[PDB]
Structures are given as C-alpha cells and as structure tokens.
C-alpha cells in the first residue's frame, strides 16, 4: 500500500471517520487529473487508493474534504479543504502516509515516507 491517508479530530479526540479524500496527479499539460478517491474508515484510515504500478513519479495533490466533515457535526469551519501537494517517487518507489489533525479553524499535516 504505497499511499495511505490518516485523519484525526482534535475536538473529539477520535479518528475522523467518513472523511472524503480526493487524490489528483499533475498531467504533462500542467492540469490536475483525478487519480483516486475514497473515505476514511472507523479508524480514520484510507487504504487501497492505488497500487505500486499505478503510483508512478509525479506531483500529487491529496484533497481532504474537511468542510463536509465539520458541517456534518454542526461546526461551520474555516477551510474548504486541506490540500497536501508533493512530489512522489522521484528517487524510486516509496510508501507515503499523509496524516492530518483537524480543528474547525486549523489543521496540521505531516508525511511519513518509508522505503
């Protein structure tokens, strides 16, 4: 599993469940092409977005739909989404975990990159 997304809720102290995630890959013409999508599980995790074969070198954008999440809990939040934009695999295949910690007017994101 070369690309995993983990989302936590800093208000509830819980995984952020049923958070929609859209992944895009920049195409040769500099447009964002849809790559993969899914939603976080009861553990706040999203696995199975892509495969080692399909996850080639490129610039990827991980869009985490935080506004839809907060709205469903009665919070009118600040951000539309949290966007994580990075070059992947440019020194060969790596495994990437994109983690996000959400609050209504703030978020933090990190990456864990393993060989």
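Rigid core: the largest C-alpha set superposing within 1.5 Å between the two forms. Residue numbers count along the first chain shown, from 1.
Exercise for the section: Please indicate which stretch deviates more in 8 other deposited structures of this protein: 83 to 91 or 39 to 47, judged by C-alpha RMS distance after a core superposition? Expected result: Higher root mean square deviation of C-alphas in 8 other deposited structures of this protein is shown by 83 to 91.
Handout entry: Entry-level comparison of average CA B-factors, 59 to 67 and 85 to 93, reporting the higher stretch
Key = The deposited B-factors put 85 to 93 ahead on the C-alpha mean.
Problem - Between the two ranges 50 to 58 and 29 to 37, the one averaging a larger CA B factor in the entry - result: Comparing 29 to 37 with 50 to 58, the higher mean C-alpha B-factor belongs to 29 to 37.
Practice task
Would you please rank residue 111 by its C-alpha temperature factor against the other modelled residues of its chain and give the third it falls in: lowest, middle or highest?
Solution key: Its C-alpha B-factor belongs to the lowest third of this chain's values.
Exercise for the section: Please place residue 8 in the lowest, middle or highest third of its chain by C-alpha B factor as given in the entry. Expected result: Within its chain, residue 8 is a lowest-third residue by C-alpha B-factor, going by the deposited values.
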